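Participant: 3D, please:
(4 chains, ligands or ions: 4)
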Amino acid sequence: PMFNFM
Amino acid sequence: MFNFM
Amino acid sequence: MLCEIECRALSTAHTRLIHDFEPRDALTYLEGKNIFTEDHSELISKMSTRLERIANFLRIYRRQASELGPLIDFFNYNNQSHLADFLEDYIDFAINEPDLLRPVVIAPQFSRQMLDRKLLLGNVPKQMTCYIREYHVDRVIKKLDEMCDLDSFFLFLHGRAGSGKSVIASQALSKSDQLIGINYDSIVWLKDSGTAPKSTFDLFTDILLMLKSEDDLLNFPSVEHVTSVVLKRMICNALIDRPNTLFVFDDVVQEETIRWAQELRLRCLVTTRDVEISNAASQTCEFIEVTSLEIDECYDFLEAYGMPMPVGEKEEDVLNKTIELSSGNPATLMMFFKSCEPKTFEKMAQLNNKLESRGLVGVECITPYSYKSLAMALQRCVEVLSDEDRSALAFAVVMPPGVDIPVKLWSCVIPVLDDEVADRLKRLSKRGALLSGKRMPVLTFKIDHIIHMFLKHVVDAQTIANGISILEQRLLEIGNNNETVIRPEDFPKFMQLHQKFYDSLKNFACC
Amino acid sequence: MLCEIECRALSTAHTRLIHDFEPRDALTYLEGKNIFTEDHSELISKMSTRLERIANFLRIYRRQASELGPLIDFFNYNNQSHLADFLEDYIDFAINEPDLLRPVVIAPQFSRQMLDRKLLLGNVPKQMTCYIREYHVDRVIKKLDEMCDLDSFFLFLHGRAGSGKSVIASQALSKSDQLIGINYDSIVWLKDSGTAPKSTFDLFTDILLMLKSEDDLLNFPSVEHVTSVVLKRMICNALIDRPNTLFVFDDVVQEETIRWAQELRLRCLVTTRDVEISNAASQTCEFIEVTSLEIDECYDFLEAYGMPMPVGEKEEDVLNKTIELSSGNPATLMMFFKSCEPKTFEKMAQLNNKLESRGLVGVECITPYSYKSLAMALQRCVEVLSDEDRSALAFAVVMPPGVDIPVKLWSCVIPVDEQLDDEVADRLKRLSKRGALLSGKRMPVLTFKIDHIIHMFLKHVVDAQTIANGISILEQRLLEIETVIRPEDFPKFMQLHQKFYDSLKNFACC
Ligand SMILES: Nc1ncnc2c1ncn2[C@@H]1O[C@H](COP(=O)(O)OP(=O)(O)OP(=O)(O)O)[C@@H](O)[C@H]1O
Ligand SMILES: Nc1ncnc2c1ncn2[C@@H]1O[C@H](COP(=O)(O)OP(=O)(O)OP(=O)(O)O)[C@@H](O)[C@H]1O
Ligand SMILES: [Mg+2]
Ligand SMILES: [Mg+2]
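Facilitator: Residues are numbered from 1 along each chain as shown, chains lettered A, B, ... in the order given. Ligands and ions are numbered 1, 2, ... in the order given. Shown next is the structure:
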């Protein structure tokens, strides 16, 4: 999941 | 043989 | 044909030429001193009114002559000397006078001609007022003046997100009376913000329509489907009718935008965050970078909308907390004030706490900004990034904010001689002004504070603790090989120096 | 009908037919000499603006009059004699005294601001400035200057990818004031890049519309669906109102383009990578090749964009490394500068490493080139290729770069369907002719050579297996019974180039 949306 | 082309 | 002075002669002499003149009196003369025809005599002899024959003589005479002669030797003949001496006195201050007007002001209310009419019709936003950053807006007005002469050119007003670029061009084109009216005839101000490959084509469609006359906006075709080459040709077509035209391209993302501005030999002011799009243009590319609002200017901005200035030491310090935190940032400074409710230093420090333990989301507000908070803006700045560069960035969390640290001290956390780290870190500062370069004493980089709490509540909750740990590891690996000052190589082995903040970031990831 | 000369006179003289003229004055003087019709005069007498009656008067006239008489015998009678005098001067310095035409009646109206206009409207791209390749832009201008008399012709400006051709046509059409205005009246520069069979038709759709007036760009039909014979007839039609128009066909890949440009008896500058497309044309074909930037010119290009010059010997050597690496290539040189960030020679040799251990992808950047790195470009040169030629190319990796080697030494790694292996050479010729990927050199003995950009292209692009197979398939035939090529008494040992072979092998266990 490394960030958000991103 | 060509890495895609 | 005439010129623009001999035409202004025949033209600005009309409250006169109607009162005492009959064209037939000159007909024969011009039929005779060789300049006229008999289809043109019959053109100007058999007409009902005299305003007829007057418009006739002032449209037909335009052609078969080589200057304004047989209409000044004629009026001196016909007992109507009062037109003659006028026009001969005017060719006097025309020929004998190497000094006349120069493009400026000879009729008042420019500020309703430019300010409202040209700006508004070129879609320029309502310039900022309660504070103007003098330096920058000025260098803008200057650097736009140096180029009004030029055939096609780029001015890149590049900076951070929320950094204030678009506003500065708004103030720089609304201040002067020169850039619009004097230096350039018209203004076209357009927002890009394009990511799809269709955004950069659709853009130049609304330029092309931004140019087109009020007639034929009705006639607007189903133009969405028309080749790229024909839209381009259609713009440089509709561009015949547009001499010295300025283009503001507010918020450019695609280097394709820049290629189009350059295939069409256009003149561009450009607001953008990513600077490398300019390598797309092979040219007199000229650049102006909007740096962070320095600590003193920030004071000025607060002062500006009525915010009370410090006294006690832990209040001037509270305000250096905000200015340090909001790493020189127009936009967030603004989100802050708007969210500072009672206005007290007390509620300002409330926010100073709220900001550390809840991120930019603690202060996101309705602002003149298009984004609720600077994080939504930066997201994009984070999406555009080379996949690997996305990585280096995702990791610079486990650094110290507001601290200069060497290239190898970074080599510990960043993916892959590890100079390659610096290339990624330059690309990272070049592409949204996310980092901070400092060539000497020793090649070192730095991460600011807004740019950190973006990453805090945004990189993966695990990867924070993984970066903290991958660091204590390679650090202790530098351990088994054996203020205005950079950290020495005898002392890299202990980042324990920043133990304080390292302890807070750790309390975050692990819980 | 008129022709290219009388309409070039009518075209050269258009600022004047706009500053003083009116089609109603001539309509009457002309229904009489029999060159019009009552819809013609209908179409031209009722028009709101004058430029409409004028643009229709010069079109209807360019089709209708049996000659260019009743317009000299008219600017004369209507006291606009200052016109018919200019046009009879052009026809006398044309029929009687030729040559004298370009210096005398055409040039005295040049203006370095009309140029920018003609260029912008003809889609000529904005010429390069910080460095100009003298020889080429120049010898190009000369060969364009030499042909304006000609009725139809091809100029083929062919070279490597990123080799700098398009730029040269931009500078070569931005330099003179002669090529546009003096030698040719207008320019239409269209970029091709066509691979599909429809690209070559879509192209000439945009020629046909590049010719077309602003009016009647409103009036565009579904020509996407309209015959080939008709886009063609429509062009040589709509081409009357365009006397001597020069055509740049930037980046031709399909030999179909060249056939169309030649059925339409057109005038063509052609930037291309593959030269054989010229076999399509039965004509005054002339060719001009953009070679790799020589060891010295490269220096000139770096100095040109603010780059600090060597002092120590292993700094002029850092630069002979780049010069060796980008085997003389504008585009990659440019990515090189563009990626040199702090500007130091240090970070330049750094790239010199990154380049050896990661191929062209170590330096891919945003550059004035339409392509991020030279690999996206050569990609195509390699796709278009005859299937067998595709194989030969795939194998010359396991060669030595920047080294001259005989054909039989190539017959070893190179494929074929007896005892004379000449077929190898035919494939390496098609191979250099078609993207300028190799390098042919006739005597002392037929030997070829692969440059470096064209190698590190193949390094990180061919199948990791075919590298190790070529090293071994070579080491088999390998045993049998400085400015010097390796002799037939000593071929059995390619071990001389063991260096550029030990590296390849360290790369084929990776
Ligand atoms: N003189 C000023 N300079 C900069 N910012 C200001 C000024 N006055 C007010 N602000 C506030 O800061 C906000 C952010 O600035 P702005 O809209 O100019 O950024 P920008 O350069 O358009 O950024 P982005 O590239 O993210 O669009 C403004 O919308 C407003 O809320
Ligand atoms: N004379 C020059 N001056 C400055 N820069 C140059 C020059 N020639 C080439 N370059 C740089 O190298 C790039 C590639 O050159 P160019 O666009 O001419 O290639 P080309 O010969 O048309 O090749 P292709 O057939 O692949 O298009 C340019 O876009 C520019 O970045
Ligand atoms: Mg903006
Ligand atoms: Mg090209």
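Participant: Please parse chain C into its domains.
Facilitator: Recorded structural domains for chain C (assignment: curated CATH domains) are C:3-96, C:109-290, C:294-363, C:373-511.
Participant: among those domains, which is nearest ligand 3?
Facilitator: domain C:109-290 (3.3 Å; CB to the ion). All C-beta atoms are positioned from the backbone trio N, CA, C, and that covers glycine.
Participant: Turn the domains of chain C into a markdown table, columns for mean neighbour count.
Facilitator: Compiled in a markdown table, those are given as follows (neighbours: other CB atoms under 10 Å in any protein chain shown):
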| stretch | mean neighbour count |
| --- | --- |
| domain C:3-96 | 15 |
| domain C:109-290 | 18 |
| domain C:294-363 | 17 |
| domain C:373-511 | 17 |
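Participant: hey, where'd the helices end up in the stretch 301-450 of chain C?
Facilitator: All helices of the stretch 301-450 of chain C, identified by DSSP state H, counting those that start in this stretch, fall at C:313-325, C:330-338, C:345-354, C:374-383, C:387-395, C:408-411, C:420-430, C:450-456.
Participant: which stretch among the domains of chain C comes nearest residue D:187?
Facilitator: Shortest separation from residue D:187 across those is recorded for domain C:109-290, at 12.6 Å, computed as CB to CB.
Participant: and the end-to-end length of the closest one?
Facilitator: Domain C:109-290 has its terminal residues 33 Å apart, counting by CA to CA, to the nearest Å.
Participant: near ligand 3 at all, it?
Facilitator: Yes. Under the criterion of CB under 5 Å from the ion, ligand 3 is reached by domain C:109-290 at C:166, C:251, C:271.
Participant: can you tell me which of the domains of chain C comes nearest to chain B?
Facilitator: Chain B sits nearest to domain C:373-511 of all the domains of chain C, at 17.9 Å, using CB to the nearest CB.
Participant: Does the closest one reach chain A?
Facilitator: Yes. Using CB under 8 Å from any CB of the partner chain, domain C:373-511 comes into contact with chain A via C:379, C:382-383, C:390, C:394, C:458-460, C:463.
Participant: so the residue of the stretch 151-300 of chain C found nearest chain A is in which element?
Facilitator: As assessed by CB to the nearest CB, chain A sits closest to residue C:195 within the stretch 151-300 of chain C, at 12.8 Å. According to DSSP states H and E, residue C:195 maps onto no helix or strand at all.
Participant: Please name the nearest non-neighbouring residue to it.
Facilitator: residue C:253 (6.3 Å; CB to CB, 6 or more residues apart in numbering or on different chains).
Participant: That neighbour against residue C:192, yeah?
Facilitator: Yes. In terms of CB atoms under 8 Å, residue C:253 counts as a neighbour of residue C:192; the distance is 6.4 Å.
Participant: elements contacting the host helix or strand of residue C:190?
Facilitator: Using DSSP H and E, residue C:190 maps to strand C:186-191. The elements that strand C:186-191 packs onto, with contact taken as 3 or more CB pairs under 8 Å, 6 or more residues apart in numbering or on different chains; DSSP states H and E, are helix C:199-211, strand C:245-252.
Participant: Save the ones you listed as CSV, and put in distance to residue C:120 too.
Facilitator: CSV is the format used below for the helices and strands packed on strand C:186-191 (distance: least, CB to CB, whole Å):
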stretch, distance to residue C:120
helix C:199-211, 13
strand C:245-252, 14
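Participant: From residue C:348, how far out is residue C:321?
Facilitator: Taking CB to CB, to the nearest Å as the measure, residue C:321 falls 9 Å from residue C:348.
Participant: Quick one: residues contacting residue C:331.
Facilitator: When the contact criterion is CB atoms under 8 Å, 6 or more residues apart in numbering or on different chains, the partners of residue C:331 are C:161-164, C:367, C:369, C:371, C:374, C:377.
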